[PDB]
Amino acid sequence: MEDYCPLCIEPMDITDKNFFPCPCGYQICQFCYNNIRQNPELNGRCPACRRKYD
Amino acid sequence: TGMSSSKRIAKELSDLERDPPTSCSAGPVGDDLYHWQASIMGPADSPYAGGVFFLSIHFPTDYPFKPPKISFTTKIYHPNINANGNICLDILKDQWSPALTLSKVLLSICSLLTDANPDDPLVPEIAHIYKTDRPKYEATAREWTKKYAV
Ligand SMILES: [Zn+2]
Ligand SMILES: [Zn+2]
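In the order they appear, the protein sequences are chains A and B. Using the deposited numbering, the letters of the first sequence correspond one by one to residues 29 to 82. Using the deposited numbering, the letters of the second sequence correspond one by one to residues -1 to 148.
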């Protein structure tokens, strides 16, 4: 549940727990974040409120 | 090494066993974690009431960043489900989210059986009947339910 990435089920580091890529507050790993934005097939937006990253 | 997709599936599997399955049921086919067999009940609101529908679920290697290949095993008469069992669900394609769990998807399928979308059909022949002769659609949908799903 808490202190875990909801996508890859990995222990959230101290650099990840303080990472808020979207104003909604949905937190994911630094690797899952970059995966979404870069991967050609992926849309590159927040898995929660579908807000585009910047 | 260990796949990220492998863990996400295992976590959802844990949440489905802890929480009550309710009007649904889903488990991994044998040992393979990427092959699941679901089984949801037909909603009372829908004309699919009384029937139990089985599904085939195939998770991709880059799950949950890609939707699972979900299809119907039981022959169903629906404007958004064809003869192969493939579902024309928006949240599956071009509306998918890595946060959306399998539970959310199965629930969305239930919410599709109750309220179809003939505006964006998968089977034009049924959607045409759905718009012009709803009573005829309702009758056939129940006949197929009592014949295949029962
Ligand atoms: Zn992650
Ligand atoms: Zn968001």
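A virtual CB, placed ideally from N, CA and C, is assigned to each residue, including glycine.
| Check | Outcome |
| --- | --- |
| Beta-ladder partner(s) of B/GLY25, from DSSP | B/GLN35 |
| C-beta atoms of B/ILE85 and B/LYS102 nearer than 9 Å | no |
| Closer than 7 Å at the beta carbon, the chain A residues around B/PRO62 | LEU35 |
| Where B/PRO26 meets chain A, residues with beta-carbon distance less than 8 Å | Under the 8 Å cutoff, chain A gives no residues; its nearest Cβ is about 16 Å from B/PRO26. |
| Residue range of the unbroken beta strand (DSSP E) whose run includes A/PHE48 | Here A/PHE48 belongs to no beta strand (DSSP E), and DSSP marks it neither H nor E. |
| Pocket of ligand 1 (residues with CB nearer than 6 Å to any heavy atom), chain order | A/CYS33, A/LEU35, A/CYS36, A/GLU38, A/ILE56, A/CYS57, A/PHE59 and A/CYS60 |
| B/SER2 burial status per 10 Å Cβ neighbour count (16 or more: buried) | buried |
| In DSSP terms, what A/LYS80 is bridged to | A/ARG73 |
| beta-carbon B/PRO96 near ligand 2 non-hydrogen atom, thresh 8 Å | no |
| Cross-strand partners of B/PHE51 (DSSP beta bridge) | B/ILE38 |
| Whole-angstrom distance between A/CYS74 and A/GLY53, CA atom to CA atom | 10 Å |
| Cutoff 7 Å; reference B/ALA47; Cβ partners in own chain excluding five residues on either side | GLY40 and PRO41 |
| Sequence-distant residues of its chain with Cβ nearer than 7 Å to residue 153 of chain B (five each side left out) | Here chain B covers residues -1 to 148 and nothing more, so residue 153 of chain B does not appear. |
| Nonlocal neighbours in the same chain, by C-beta distance under 6 Å from B/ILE124, ignoring five residues either side | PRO77 |
| B/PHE57: first and last residue of the uninterrupted beta strand (DSSP E) it sits in | Note, B/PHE57: premise wrong, no beta strand (DSSP E); not H, not E. |
| Buried or exposed by the 16-neighbour rule on C-beta atoms within 10 Å, applied to B/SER21 | exposed |
| Within-9 Å CB hit, A/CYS60 to chain B | yes |
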